[PDB]
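Below is one structure, written out as structure tokens, with a few remarks after it.
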There are 6 protein chains.
Amino acid sequence: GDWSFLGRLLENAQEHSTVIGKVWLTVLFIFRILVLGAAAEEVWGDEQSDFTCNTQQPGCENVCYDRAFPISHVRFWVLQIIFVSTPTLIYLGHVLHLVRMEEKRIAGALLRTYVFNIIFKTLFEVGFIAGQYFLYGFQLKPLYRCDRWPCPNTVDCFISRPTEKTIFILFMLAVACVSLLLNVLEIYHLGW
Amino acid sequence: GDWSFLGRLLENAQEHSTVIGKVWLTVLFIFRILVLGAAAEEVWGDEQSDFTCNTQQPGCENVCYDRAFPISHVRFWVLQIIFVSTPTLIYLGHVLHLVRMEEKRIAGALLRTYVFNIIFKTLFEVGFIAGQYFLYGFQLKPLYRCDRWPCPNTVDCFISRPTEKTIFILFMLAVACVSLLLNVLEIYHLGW
Amino acid sequence: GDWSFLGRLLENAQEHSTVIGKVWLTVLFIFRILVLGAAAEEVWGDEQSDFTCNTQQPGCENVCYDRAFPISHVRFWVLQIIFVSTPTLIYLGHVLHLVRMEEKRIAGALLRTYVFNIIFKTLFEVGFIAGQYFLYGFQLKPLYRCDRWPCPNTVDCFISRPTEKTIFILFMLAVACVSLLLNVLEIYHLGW
Amino acid sequence: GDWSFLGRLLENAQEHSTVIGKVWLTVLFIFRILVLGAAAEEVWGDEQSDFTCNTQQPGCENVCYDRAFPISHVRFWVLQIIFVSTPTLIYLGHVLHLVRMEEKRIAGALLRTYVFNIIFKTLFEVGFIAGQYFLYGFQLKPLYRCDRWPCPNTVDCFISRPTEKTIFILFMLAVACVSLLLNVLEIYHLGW
Amino acid sequence: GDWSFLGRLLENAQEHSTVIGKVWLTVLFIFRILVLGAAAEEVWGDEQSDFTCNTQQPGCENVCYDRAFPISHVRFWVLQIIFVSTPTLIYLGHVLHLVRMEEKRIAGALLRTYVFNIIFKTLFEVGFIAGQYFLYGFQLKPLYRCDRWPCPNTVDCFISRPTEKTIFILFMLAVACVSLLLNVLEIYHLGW
Amino acid sequence: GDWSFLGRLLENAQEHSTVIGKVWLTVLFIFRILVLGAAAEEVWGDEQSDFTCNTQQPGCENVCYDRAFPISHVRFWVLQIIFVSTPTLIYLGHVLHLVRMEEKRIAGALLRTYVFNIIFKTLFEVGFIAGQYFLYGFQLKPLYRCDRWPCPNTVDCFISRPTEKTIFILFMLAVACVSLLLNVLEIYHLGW
């Protein structure tokens, strides 16, 4: 996917943000967007094509893949990025609104807005972490037993590249925990 | 697809627009164009290839896929984006026309033009929502029973990635409702 | 395909053109080039691969696809865009020629050149419309009966995505009619 | 392929060139490079994959495709573009050499260099035309009879998309003839 | 993958860095990023598709490929690049922090930060080298014998393009050793 | 692959280089990088997929392709480009080092550095030529007889697009000879 438009706005936010905010944006670009574009999209490229089920039943592989992977991980992480970035866009918009107001004519209202930004980022991060955990856990096993109609009885289905996907799942989990740490540290730094 | 040309014009409109207009444009880029380019096009990439029908009849899969999906959702959303953006282009063109006139030599005629922009955006949005609803509803079921010639009697056909497509259908529906809310809020803000 | 080079020249023409010329260029970019790059190329991506004929004869599918689609629609529209844009390039070149002449040292010769531009645009548009109509009409039916050697007797061949292709055929036809209307309106505006 | 680097140099040549030279460069970009990138590469995309021969012999399709198409047309046209553009690069380099000389410190030596540019362009154009003609003529027939080892006796092989390829072959031939006409006209204009 | 964002930051670091730092960045771009984008990604493109195992057992190829290649080499090198580049980002951020401080109002704290940068680069490099070595060694043999369930007894599996992958493995190993040498030389140059 | 980063540095070298150096860089971009990106990568795109061997033995095609093509030609040429360009990067770095030194505060040390650049370019060119020659010669024959285990006895394997690959092999050989000639001419020009 093409992230150029998002990147320009985020950089604008970087100018009007704290040092730890700059660190968070750098982590976002280098360790989430770049890793997706360069590494992870390829890992999940053949998710359905190489998914194989031991049966002669038409349509069992499709329904079993759908049940095994209701949403693909990469799409989940795309949404995650977009939602953790949106609050920064809100804050940047408020900043530019006040700057344009001054033209017409961090403290105060902007400070409350920055705090709300931090809070929403933290909450969306925790939410996507918990969601991923409940959907899959943090380990994709090679065997998926499926009993979804039209499949007769239970069929064995085999996931492609399970170990590599587990590695990247844990990598992205770690990145999200790091970003949570950065947000908490930013709250501490501003408050005290 | 490449949206660079559309993006430059929309940003130009953003400079000569209200704060809520800037919010609407941001939603358009981040939550429609970026989601399509990064997430949804991949979901619908294997729509026909992985579409499977339980038959030995040549040409049944093609006709059944065509009847099940007269237009693909992603193409529908492309059209939707283009049409909800066109009124902004009209307003921006009127603005630049008046600015070039001044060079030669929001209120008044520009205000009526802005209102017409809002109205057309709202109407096109509602229209595409209702169209999607009547074509598919908001849930793609895995099984599609097809009785279209050359298919003999009724055949079972299985859609690929139905759950993920349902998720994104509802995501885009929500985004469109949000944009409707923004347009209504803009009318309220300007009027009162 | 990459249209960046064409786009820069057309924008240059936009600066030295009438308001309706700017509208025509906007329609060209948004409703022809962008629709092709984002929507239509995908629709026609699997034209030959998913084309299926009910036979065991080697080479029948190739010859039957070739007879059914002598040129693909997308290529036709590419040519159409290029040819309707060329007159604008002629006019822009004449403009820059006269401007460079002035440096060395709309009315008059430039006006006749602009009229010729309009006329050639209209004629090429009508020509491509009539050509598309005689090749295919405006409806692609799912069944194509083919009797071309090596095919034995007549064979049934099934087109992929016929409904979506019909939808886009009619969309592009409508866009071309709109552009004809714009050209006629421009002639009226300049003349009177 | 990516032609950005070539394009910048050619535009530089356009600044230091005659009006007819600007026309020739415009034709080169719009009617050769753009047509290849947007239309023709897709037509020849499935040249070997959809090439089919009526046999059960391993390796007959490969050798027969190789004999039928020693070089692909698109590659021929790439080479053609590069070679007809190289003389312009020579002339531009001579121009910049003399300009840098002046900094240190069309007529004369530059005029002879421009004439040599025109001559080499014309000769390379004629050469590529004649080469294409002797390789294929200007019509690709659907049936290719092949008797190359390992093929047993003569086998029937069927080319993919023959009519569309013939159409584009003739289109590019016409463009090259137009460019020859432009070069001859430029010689006439400069001489008299 | 798209490395544009990383590249801009690294170039910024290049301005505020030693000559040997500039050499290291040049090696990073030319001999790691460019080689991946232009050469290696293609070599590993068909890693799983062309992976073949001599069996009729469903799912044996998937599990055997996963065990043979827990992570793909290209992804390993992507991570390696990102991690060896991160310390440079830290140092550049500290530099810009101090420059913005001066605006508000190599030696000292910046020198210690530069040393820490060098140390982390060296350690991450050694770590990725040792990791690659323990995973695969420096030679990919064509035959991989696999006894992972569901595979019955031990099955023979054949890797695609083993010699070319060995060549590139050794190329990247050499590049990493060169970069280690550069870091050690930089420590020597700064210290003495 | 993406060569933008390499291109910017090489152009920088072009500013601080001789006329023949500018010719060499132009040849590098137009007749090596552009030909690869636009023509050759497509020719070698289906190298392994269309490689066919006359056998029923699992894994024979993989090992036979690996032995026939230890490295692919395109990758060889990528490496060749990178290595013949590296000396120019060295010289440019030395130039910028001295210019930054002057800021702090072709002849002499820069002249020796330029000569070393020329020498390394010539040696790397000769080395890659001889390497290609010993690996393949300058002709790829269609038939490759292979006796590598697991293949039973000797098997016949058929290369895809052998004639076109021979054509491009000879084209690139000619380009490299031309570049050698340019380097020798540059040595002569500087010396005398």
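The count begins at 1 with the first shown residue.
Method reported for this entry: electron microscopy, 2.5 Å.
Just so you know, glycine gets a Cβ as well, placed from its N, Cα and C.
According to Swiss-Prot:
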{"type": "DISULFID", "residues": "C:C53-C:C157", "note": "disulfide bond"}
{"type": "DISULFID", "residues": "C:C60-C:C151", "note": "disulfide bond"}
{"type": "DISULFID", "residues": "C:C64-C:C146", "note": "disulfide bond"}
{"type": "INTRAMEM", "residues": "C:1-14", "note": "intramembrane segment"}
{"type": "TOPO_DOM", "residues": "C:15-18", "note": "topological domain 'Cytoplasmic'"}
{"type": "TOPO_DOM", "residues": "C:40-70", "note": "topological domain 'Extracellular'"}
{"type": "TOPO_DOM", "residues": "C:139-166", "note": "topological domain 'Extracellular'"}
{"type": "TRANSMEM", "residues": "C:19-39", "note": "transmembrane segment"}
{"type": "TRANSMEM", "residues": "C:71-91", "note": "transmembrane segment"}
{"type": "TRANSMEM", "residues": "C:118-138", "note": "transmembrane segment"}
{"type": "TRANSMEM", "residues": "C:167-187", "note": "transmembrane segment"}
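Sequence-distant contacts of C:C157 (disulfide bond), defined by Cβ-Cβ distance under 8 angstroms and a gap of at least six in the same chain, are C:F51, C:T52, C:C53, C:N54, C:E61, C:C64, C:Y65, C:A68, C:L143, C:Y144, C:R145, C:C146. Counting other Cβ atoms within 10 Å of each Cβ, the disulfide-bonded residues C:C53, C:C60, C:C64, C:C146 show the lowest value at C:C146.
For the topological domain 'Extracellular' (C:40-70), the residues of the chain that approach it from at least six positions outside its boundaries are 77, 135, 144, 146, 148-152, 155-161, 164-165, 168, 172, judged by C-beta separation under 8 angstroms. If you look at the topological domain 'Extracellular' (C:139-166), the same-chain residues 6 or more away from its ends with a CB under 8 A from one of its CBs are 43-44, 46-47, 49-55, 57-61, 63-65, 67-68, 73.
Taking the Cβ of C:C151 (disulfide bond) as centre and 10 Å as the limit, one finds 19 other Cβ atoms among all the protein chains shown. Listed by sequence, the residues of this chain that lie at least six past the ends of the topological domain 'Cytoplasmic' (C:15-18) yet keep a Cβ under 8 A from its Cβ atoms are 25, 88, 92, 95, 106, 186, 189-190. Broken down by DSSP into helix, strand and coil, the topological domain 'Extracellular' (C:139-166) contains 5 helix, 8 strand, 15 coil.
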